[PDB]
Every structure is written in structure tokens, then in C-alpha cells.
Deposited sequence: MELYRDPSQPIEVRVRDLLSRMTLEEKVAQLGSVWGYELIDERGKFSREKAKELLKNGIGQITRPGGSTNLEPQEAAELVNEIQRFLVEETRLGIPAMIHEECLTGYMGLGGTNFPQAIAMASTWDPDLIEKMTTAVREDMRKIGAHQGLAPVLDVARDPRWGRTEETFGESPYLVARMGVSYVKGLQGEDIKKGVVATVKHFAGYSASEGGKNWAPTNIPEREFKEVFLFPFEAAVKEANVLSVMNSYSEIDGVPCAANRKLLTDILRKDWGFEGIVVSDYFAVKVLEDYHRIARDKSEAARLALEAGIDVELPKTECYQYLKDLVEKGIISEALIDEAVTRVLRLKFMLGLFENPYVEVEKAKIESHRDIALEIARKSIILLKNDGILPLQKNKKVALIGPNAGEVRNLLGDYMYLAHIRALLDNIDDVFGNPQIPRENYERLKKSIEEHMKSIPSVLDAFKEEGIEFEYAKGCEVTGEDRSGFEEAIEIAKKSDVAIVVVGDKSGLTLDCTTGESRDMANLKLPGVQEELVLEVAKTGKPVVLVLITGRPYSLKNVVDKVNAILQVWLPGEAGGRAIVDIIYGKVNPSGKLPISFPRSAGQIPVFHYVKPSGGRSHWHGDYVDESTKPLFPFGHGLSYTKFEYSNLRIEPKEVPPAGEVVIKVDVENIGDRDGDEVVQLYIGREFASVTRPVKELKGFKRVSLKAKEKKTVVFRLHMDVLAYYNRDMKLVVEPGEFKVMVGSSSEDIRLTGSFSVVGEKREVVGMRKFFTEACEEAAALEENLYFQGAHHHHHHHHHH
């Protein structure tokens, strides 16, 4: 047999052999893609007639065979097996396809669990739980023949106007990086032939667009770029061995990321050693012409993207077909095509596809992971305020009010299939409506818990109709407590208030929801405000008028149960904010790791009309119990520039309810050669404490973790003092101390540690 077909040969040998056998047309085909829906008949069965035209010379990827066809898992598996058999048996060289799907909050197709949104995952501060989640998603994906998931999003978000805030892990490069590495490790596992390629996106800067506007310029200078935006991707590449990266739609300072070789090749491949594939964001190659106006036709767009380092044009071949013409016309060298093809073929061999590209359809039934979803939902909800009203007693009569108390659709995030696919909106409309039925409501959770309540919708999520207010106020007046549940509808269409393409300039709760809360509060009845939202909203006008506030980031299918569990104290809330909540849009940005001159206006401190401090800081989240921190140890007190310090604190649950605390480590530095954050998150640990239990939390902090870029753009650790601040939020610091680095400034070269190790031991 040909060497490439022989599994006893090393993958490099099989790649070289296969590349040597391919025509230019076959090479270019491996750099493109076809939609799943382009390969089916009207009953969702594989169409050989359509394949003969689209797959005749092979293909790089199939885009969303499940997510784009509305097929159930076993039908999707059957379609993928038929695609693979056509490629294996009816093309000259028999190269199988790689299949991708969206999977941010679980496989995005019919039959897959809807996990809480990414911003909720981050709010758990529980990286191991997120690894458990993506290990389950891995199995769901492999069952249907999918090899690559387009997640996680490692964009660092400090601008809550942006509609994709909900898909991020928030404002902190450290927390984003740490959640990202766990996410990747769960999806990929150790041997990718048994796992799913993760795709970190959107490389890089995409969350910092001008004015918070989707695709607008992301104009970020170099040190901030390296330390804030690139850092999580760097960790994913070097520590988690991530196998795919997708580029950003935006320009950085005049250069679209899809046309930037300095970014997609020089940083990602040359400096960091990435060995996987770069896939385009959808249509990102074509819109170098149509949107950014830097390519005069599809062939120039193709050339810019290939030279930049995009290996696969998604979601369908459009410009990359012209790479054949560019070679034949002597505009680009076939060697450059070979380099991209080599990367794609290597990964296909690594995924085991030339040994076995099929799946057992009989096993393609995806299992529910409601259990994991509920654990994430229960740990992600944040208690922002509580004057003591929560937890509620079960004998109190409740007035349950607001659009998000009644409508299950609004629990869903923008990459949860039954929200996402609405962007296409009769057969599909009916299928969505049917599937929606199976997801539990907030109403259902209250009824299941046996609470006596009346429900009034109050108002819609959008619009200005206040005609439902009277009914809501009337039920409030006759109740013991009003629970007002307000917030977003997430997705990609005009009727949505958050999600990709739905950016919110002024951060007011949508519609007349704010006025609804305030009218209810005017009754004088105690008010629990529950925000079911995808972004921070300005709560300046309601915070002081309500008794408690729960932030529930778009929780997906487990949301109702977790909310009711928390309200009644069956679960003690333990989520912590992974992004600052501004007092108002005009305060943007607010974030915890400002420099000494950031987060204030000099010399009066505040704006004329507003504090410079967020309403709720990074790391904030209350509990139904109290935690007492004591006995800070920092050893040794002097370390050399590649040494390690060990920081320990004792934490005791001194209250009356069991509860988890997220202990946070912040590090500050002054008198470096550049300015540094007054405090920045550099470690954390979720610790479970029974009432009256005490434990020790231990952080092992290598100096590599503290490295920063100097005046000459070198990554350094300089001698001097580092401040250690340990506490329950970035403001609620409980114990502070310091240690010194002693010795000559160190340039940190090659591989280095990214993370503090965090453990618990007996006190």
C-alpha cells in the first residue's frame, strides 16, 4: 500500500507521501469547506448527486453537519458517515473530511445539553468543573463524527456594551487563561484521536472594538496586547496544546487580523510554536474585500489570508478556490499552499481519520448532561446584594413578576442551538417550538418546589408597553415578597438585546424593565431582583431600591432549578463576578487591574457626575454564610527572579450554613521600570467549608507567573517588592503582606509557568 495509507509509518512520513501524490486542485480543496446542509436532500439524507459536484476533489472540512441541518444525533451521524464514505471510496486519494460544530455551551445541534453560558462558567471559578463539562462535550461530539469544536472564546472583555460579553470568561487575563486551559484540556484530552480539537477564538483583540461595536477596530498598543489579549491564547497554545485558532473579524490599527501575517504566523507559529490549524472566522477571508476594502477581488483576499496564515477558509470555499489560479498564474508559490496543506493533513492523521473515519450510528445517541449543567448553574449564580431577605422561607406568598420569569427562551445564550438557529427565521419554526417544550421554566421550578405564588408578566423584554404594570403591582401588594425577574433575550437577530451583533450603548435594562422594578418597589413590599442577562447592566437606579439582587448569567436548561434552589437556601450562592459591573456606560471601562493612574480622574478622584469605581467589583459575590480569613504566611520573604513563594491563608466558615468561598490572590507591584497594576488576579481557589469548618488554602507562586514586558518589550522579572493581597473579592481584601525579589533583573526566555498552583490542606 502507499505509505500514506500505512498506519505503521510515522505521521510525518504519511503526510509527505500524501502531499507528493496530490494535484494542485486536490491540495487547494483541503483548504476549504462545505456546509452540511449543501450535502443533503429535503429529508436530511446524504445526497450523492450534490456530493459529486462539491466533494469530487476532496474537502478540508464539513461545516456543522449537525448544527446546519437540524438533524437529530443519529441522523447527523448517518450523514457524516455517508460523507466520509463518499470521500474515502469515491475520490482519487480517499482523504476523509474533518467535521466541525459549534460547542461553546455544548454541541450546538438538536439533542445536546444546553450548558450555562461562558460568562457563567467563569463565574464558577471552578476550572476543574469546566474540564468535566468539556470532557462530556467531547464524547457527545465524537458520537456524531465531529472532530473540532469552535470554542472556547478567549477574548478578554472589559466593555459590557459588546453583545458577545456573555461568550467570554470576563475581564481578567488570568481567569480567562485558566478557565480556557481547562476548557481545552477537557475537549481535546491527551490523545486527539480520542478527542475533539478545540478552537480558541477570536485571535486577537476582538472584545475591544471601538465603542463596543461588533467588528469595529480593536486598536490596542503592544504591551497591553501581549499582557491582556494575547496572554490567554499563549497559555492555551503552550500549556494546553490547543490544536486550532480562529482569527478576529476586526482590524488592529489598520490591519485586519485575517490579513495579518505578523499576528497569525509570527506570533502564533514562530514565537509560540503553535502546530495546529488556523481556521477563518466565517466569511472572514471574503470580507477582506467586501467589508475592510483592502482586497480588490476574491483572489487577492485569498492571497492575503493564506500569506497571513489561515489554513482553512470557513464556512464554505469561496475565495480559496482561486489559490489554484494564483499558483497557475505565478502569483504565489505552490510551496506556500503545501505548507498549509501539510498542517491540515497532519491533523487529519492525528485524529485517526485515515484508520477509521466512521462512527457507530447505533451509539450516536447523545446523553443528557443536565447534572453537570445544574452544578455549573448552581455555582455560577452571584449574590450581588442581600440585606437579609434571602434566603426566603417557603411559607411566604410570592408575587413572581417579569418577562424572564415566564419565558424559557430567554434562559438561552447566543450559541445554544434553540436560540442560535432562530437567526434563520416553516418546518424549522415547528421543530424549534417542539424542542423548546422540553426545557424547564422558572415557573416550573417554583411550582415543583411547592411555593404559593401568583405570576404577572409585568412587561416584555423590549418595547415601551406599560399596560401589564397594574396587574404586577396588584399581585405585589397582596404578597409577602416580590421576586422580579428581568433581563435579556439573547441571539443574533434584531429582537434580541444581547448576543453577537446586539451591542448595547447605554447599558439600561431592556424595554421598560427598569421602570417595572421601580414601580414594584414603590409598593413597599420586599423585592428580590433576579437578573437573567448576558452582560452587566447599569443598576445605579435600582440597587438602593431593592432588598437583594441575584445575577444569573444566561443559565440554559438548568437555570430554573438553580435559581429556586438559591432563593430558598437549598444551595448557598457562591458565584463571583468575572467582570466588573459599571455604574453607567459613561464609566466604561472599569476593571480591577488598572495602573496607579487608572480607575480614577486626577486630582478630584471621581467624575463630576459619577464615581470612578464600578458598582460591583471584579471577584464580588456574597454568601448566606460568613468566611473569616486569618494567618497569612508568605515564605520565603526573599526569592530570586526564578524562585517560588508559597502563600498560605486559613479560612473558616464562621456562619451557620455550609458554603463554598472563592479565595482570591491579587498581586501588586510598584517601582518596576514600567507602570504595573495596583492589583491583578494571579491565583484563586474555590474551597468548600461546612459551617464551623476551617481549612488552609495554599498558593504556590513561581516568579515566572509575575513576568511583564519592560520598556524594550522584553518579558522580565525585576528585583523589588511584590504586594500579596488575599480576599473574597478584588475590593474585599482580607489580608495583605509582601515579599521581595532579590538579584539581577531576569529576562524570562523560552517556556515559563503561567499559573499559580492552588491547593487546600488541613489547618
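Residues of the deposited sequence lacking C-alpha coordinates, counted from 1, fall in the stretches 426 to 442, 781 to 801.
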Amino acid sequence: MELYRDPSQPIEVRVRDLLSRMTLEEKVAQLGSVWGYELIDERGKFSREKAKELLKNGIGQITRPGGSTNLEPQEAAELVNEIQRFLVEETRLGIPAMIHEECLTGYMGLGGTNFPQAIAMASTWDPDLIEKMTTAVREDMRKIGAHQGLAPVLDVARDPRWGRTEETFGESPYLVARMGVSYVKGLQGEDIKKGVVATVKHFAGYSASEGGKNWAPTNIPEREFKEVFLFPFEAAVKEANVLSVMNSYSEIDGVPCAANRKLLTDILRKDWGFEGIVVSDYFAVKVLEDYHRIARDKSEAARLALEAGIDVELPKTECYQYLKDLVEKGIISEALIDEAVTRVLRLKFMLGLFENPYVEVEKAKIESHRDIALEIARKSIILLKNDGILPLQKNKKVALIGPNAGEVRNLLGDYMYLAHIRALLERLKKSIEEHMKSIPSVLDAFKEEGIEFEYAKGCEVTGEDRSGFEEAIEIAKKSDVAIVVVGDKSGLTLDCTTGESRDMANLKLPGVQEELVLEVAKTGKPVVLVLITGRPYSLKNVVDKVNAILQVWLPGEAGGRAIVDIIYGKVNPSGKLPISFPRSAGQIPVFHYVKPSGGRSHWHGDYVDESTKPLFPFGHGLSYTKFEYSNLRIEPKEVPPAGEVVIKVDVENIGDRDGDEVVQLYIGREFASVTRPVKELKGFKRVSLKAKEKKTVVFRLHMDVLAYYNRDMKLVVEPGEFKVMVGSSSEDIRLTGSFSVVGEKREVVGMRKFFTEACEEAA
From here on, numbers count along this sequence of modelled residues.
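In the other compared entries of this protein that model both flanking residues, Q321 has coordinates in every one, well short of a third left out. Among other deposited entries of this protein with both flanking residues present, at least a third omit coordinates for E426. Of the two segments examined, 186 to 194 and 450 to 458, it is 450 to 458 that shows the higher average Cα temperature factor in the deposited entry. Comparing the deposited coordinates for 646 to 654 and 240 to 248, the stretch with the larger average C-alpha B-factor is 646 to 654. Taking the deposited Cα B-factors for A302, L425, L268, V662, the highest one is held by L425. When the Cα B-factors of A308, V153, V278, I475 are read from the PDB record, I475 comes out highest.
For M713, the recorded CA temperature factor ranks within the middle third of the chain's modelled residues. Residue-level temperature factors show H702 in the lowest third of its chain, judged at the C-alpha atom.
Residue-level temperature factors show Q74 in the highest third of its chain, judged at the C-alpha atom. Residue-level temperature factors show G44 in the highest third of its chain, judged at the C-alpha atom. Per-chain ranking of the deposited C-alpha B factor places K262 in the lowest third.
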